[PDB]
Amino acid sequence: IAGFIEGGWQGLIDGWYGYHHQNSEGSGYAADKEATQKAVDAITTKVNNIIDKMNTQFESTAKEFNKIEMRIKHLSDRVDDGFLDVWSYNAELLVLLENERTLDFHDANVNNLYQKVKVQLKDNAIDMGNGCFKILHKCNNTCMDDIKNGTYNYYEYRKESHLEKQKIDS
């Protein structure tokens, strides 16, 4: 009933981003399948790079020196403490930065859908400010599909929308 401004939708079950419509023929949730897939491929690519770029040298446990070489064993230990601190700090900050960016990426994708719809409708709708548009003309299932597919024609519905705008203006 309300849009992305107020939160997420339990009812959107076939994708990441999408639409909810209401008209005389009924209502429903529908995923923007293409925006979802594109975001899925991007996130999968990100996760797979973080994983697959770790292509390592063969790891050895041969780290022993003779009993009169404790100083060398200590060097081996502080080498490993050195790398432990590098990898720990870097891994920790990578996760925190990437999580911030991943959440923003989702916000940018949702905003893009909103902007795409906003610009098709123009003043044939009133932006309700909650992620929803109040459409100023009868918008049936074919009309809804056209908005979703990006093929909505402003001028087709301009006259009817303008008359509806008049009584609001009173």
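Residue indices: 1-based, along the sequence shown.
For the segment pair 133 to 141 and 64 to 72, the entry gives 133 to 141 the higher mean B-factor, averaged over Cα atoms.
For the pair 27 to 35 and 49 to 57, the mean B factor over Cα atoms is greater in 27 to 35. Ranked against the other modelled residues of its chain, the C-alpha B-factor of residue 152 as given in the entry falls in the highest third. Among all modelled residues in its chain, residue 120 ranks in the highest third by Cα B-factor. Among the modelled residues of its chain, residue 42 has a C-alpha B-factor that falls in the lowest third according to the deposited record.
Among the modelled residues of the chain, residue 103 sits in the lowest third by CA temperature factor in this PDB entry.
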